[PDB]
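> have a look at this fold, sequence not included:
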């Protein structure tokens, strides 16, 4: 039984016709103090899987070491470690899912919400969630924390049901995800303007974009708002 | 007297450890393997006897990796060799976990050394029937 201290906020993602996209801002909050700014909360494992973590940063760092070890280990006595016997997104998830539930069951959780995104060897898109309670689920779109409330309603408009995935392109998708990242910057008091985005396309592979920024923000109307009811000037 | 070669930690009258020496016999009798330290790394090579046409080619791989920067190859009792590597793997993981930096080849050497030396201290264990050639690249060469 612990309590999160340095934290990461929302992690959002969805899947398009050829793969998946996942993003998370680069902030490391410490209460209301926006203390750290070079935090990469997107962990790529191999080149067909990206793991986005939110929640307690120290635990995230720890899940990160577990992920790197999982890779180092899979290579051992594995002549096909970079081929037929390489790490699949589904293996990586199932592993974390296990670790997460075991830790909640021991009353010493890893204070996080995780989304494993990627493309399976047979092309299939992989997107699944797991949190400090060991709870898991899937959906054409997934977000943690604040993104669950604001990002999902938006992304779901792009891919509402399964039949919508094949009709969605990377442009459409990456777009919605960037717009969502903007909305979260407007209303989440624990968010940053800078974020990282990643695309795992069954054809193009893993495209990992860093240092992005929220652009095209509407603020102009802020000038026409004076007082809180009856004031005029 | 005699029989100084029946128990694994016994010193013979001239100060030797016969069980260890016999272990070497197991080694000398094994496939040949080598290591060549070049100007910015090392190369490992090994002989793989085709006991029959039934062995799948390119399969039964001998050389092993410890972590991501260490290579191992040994001669003698193969099972003994894997057991040694398995211990090196944990030995390395333990080191990296606490010091963050992947384990220096020199440090790794002594980790393996202390382990093996330990199997010549008690008569309840057998010495390793393998000689191992291993190495890699680290912070300084």
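Received, thanks. Numbers count the residues shown, from 1 in each chain, chains lettered A, B, ... in the order given.
> close to chain B: what parts of chain A are there?
By the rule CB under 8 Å from any CB of the partner chain, the part of chain A lying against chain B is A:65, A:69, A:72, A:75, A:76, A:77, A:79. Placement of C-beta: from N, CA and C, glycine included.
> can you tell me which of those are classed as buried?
Applying 16 or more other CB atoms under 10 Å in any protein chain shown to those, the neighbour count classes A:72, A:75 as buried.
> can you put the residues of chain A next to chain B in a markdown table and add distance to residue A:215 and secondary structure?
As requested, the residues of chain A next to chain B are exported to a markdown table (distance: CB to CB, whole Å; DSSP: H, G, I helix; E, B strand; the rest coil):
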| residue | distance to residue A:215 | secondary structure |
| --- | --- | --- |
| A:65 | 34 | helix |
| A:69 | 38 | helix |
| A:72 | 39 | helix |
| A:75 | 41 | helix |
| A:76 | 45 | coil |
| A:77 | 49 | coil |
| A:79 | 47 | coil |
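> for the residues of chain A next to chain B, which one is nearest residue A:120?
When those are compared for distance to residue A:120 (CB to CB), residue A:75 comes out closest, at 19.9 Å.
> could you measure from the closest one over to residue A:150?
The spacing between residue A:75 and residue A:150, counted by CB to CB, to the nearest Å, is 40 Å.
> burial count for residue B:94?
When neighbours are defined as other CB atoms under 10 Å in any protein chain shown, residue B:94 has 12 of them.
> quick one, what contacts it?
If a contact means CB atoms under 8 Å, 6 or more residues apart in numbering or on different chains, then residue B:94 has no contacts.
> what does chain B put close to chain A?
B:61, B:64, B:65, B:67, B:68, B:89, B:93, B:97.
> test my guess that the first one contacts residue A:79.
If I follow you right, that is residue B:61. Yes - with contact taken as CB atoms under 8 Å, residue B:61 and residue A:79 are classed as touching, separated by 6.0 Å.
> report the secondary structure state of residue B:44.
The assignment at residue B:44 comes out as strand when based on DSSP: H, G, I helix; E, B strand; the rest coil.
> the closest residue in space to it that isn't next to it in sequence sits in which helix or strand?
Nearest in space to residue B:44, with sequence neighbours left out and distances taken as CB to CB, 6 or more residues apart in numbering or on different chains, is residue B:73 at 4.7 Å. Assigned by DSSP states H and E, residue B:73 belongs to strand B:70-76.
> neighbouring strands of that strand in the sheet, and parallel or not?
Within its sheet, strand B:70-76 is paired with strand B:64-66 (antiparallel), strand B:130-136 (antiparallel), according to DSSP bridges.
> next one: the longest one to chain centre, how far?
Right, strand B:130-136. Remark: strand B:130-136 is offset 5 Å from the chain centroid, using CA atoms, centre = their mean, to the nearest Å.
> can you check the shortest one too?
In terms of CA atoms, centre = their mean, the centre of strand B:64-66 is found 11 Å from the chain centre.
> just the residues contacting the strand holding residue B:73, thanks.
Contacts with strand B:70-76, where a contact means CB under 8 Å, 6+ apart, come from B:26-27, B:29-35, B:42, B:44-46, B:62-66, B:81, B:84-85, B:88, B:92, B:103, B:105, B:108, B:128-136.
> buried ones among the residues you listed?
Those of these that meet the buried threshold are B:26-27, B:30, B:33, B:35, B:42, B:44, B:46, B:62, B:64-66, B:81, B:84-85, B:88, B:92, B:103, B:105, B:108, B:128-136, by 16+ other CB under 10 Å.
> now do the helices in chain A.
In order along the chain, chain A carries the following helices (DSSP state H): A:57-75, A:89-104, A:146-149, A:151-158, A:170-187.
> isn't residue A:81 right up against residue A:75?
Yes - Residue A:81 lies in contact with residue A:75 (CB under 8 Å); the separation is 4.4 Å.
> sorry, back to before: can I get the strands paired with strand B:70-76 in CSV including distance to residue A:30?
Putting those into CSV (distance: least, CB to CB, whole Å) gives the following:
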stretch, distance to residue A:30
strand B:64-66, 39
strand B:130-136, 40
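> of these, which is nearest residue A:203?
Set against residue A:203 and scored by CB to CB, the strands paired with strand B:70-76 come closest in strand B:64-66, at 31.1 Å.
> helices - which of the residues of chain B next to chain A land there?
Per DSSP H, the subset of these in helices is B:89, B:93, B:97.
> tell me the one of those residues nearest residue A:193?
Top of the list for closeness to residue A:193, among those and by CB to CB, is residue B:97 at 35.2 Å.
> so what's the closest one closest to, chain neighbours aside?
In this structure, residue B:97 finds its nearest non-sequential neighbour in residue A:65, 7.5 Å apart by CB to CB, 6+ apart.
> got it, and residue A:208?
Spatial nearest neighbour of residue A:208, excluding adjacent residues (CB to CB, 6+ apart): residue A:198 at 4.8 Å.
> which of the residues of chain A next to chain B lies closest to residue A:142?
Distances from residue A:142 to these, taken as CB to CB, are shortest for residue A:65 (24.1 Å).
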